[PDB]
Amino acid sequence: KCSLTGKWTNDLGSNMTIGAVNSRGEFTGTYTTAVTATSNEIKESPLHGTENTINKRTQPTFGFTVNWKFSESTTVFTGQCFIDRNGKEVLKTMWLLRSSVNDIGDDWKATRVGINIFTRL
């Protein structure tokens, strides 16, 4: 089984902690990004997500939202908890980083996309 609970680090150097996931698949955690598109000072930020519980998969898909405390942005991450061929856990994820724009006319350029790989820290 691949469990979300624990401390993780990613390819960019960001760390994240996820507490226990309840019977409904929900969990909370904290995210310390190593990088920012802003020129602001980085602060630890909370995250809230859900792990898919159908078929009690041992490598479930999951999703979570990071509510940034140092900018007006929001990032969502989705991926799957895989059991590496080495028996070690790896989170393969893709994310959408949403910036806030002041006019709906600028909405077309407000969304960045990318990946991140997490391993137990």
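Start at 1 and count along the sequence shown; that's the residue number.
Per-stretch averaging of Cα B factors for 94-102 and 20-28 places 20-28 on top.
When the mean C-alpha temperature factors of 30-38 and 60-68 are read from the deposited coordinates, 30-38 comes out higher.
When the C-alpha B factors of 46, 49, 79, 87 are read from the deposited coordinates, the top value falls at 87.
In this PDB entry, residue 3 carries a Cα temperature factor that places it within the highest third of its chain's modelled residues.
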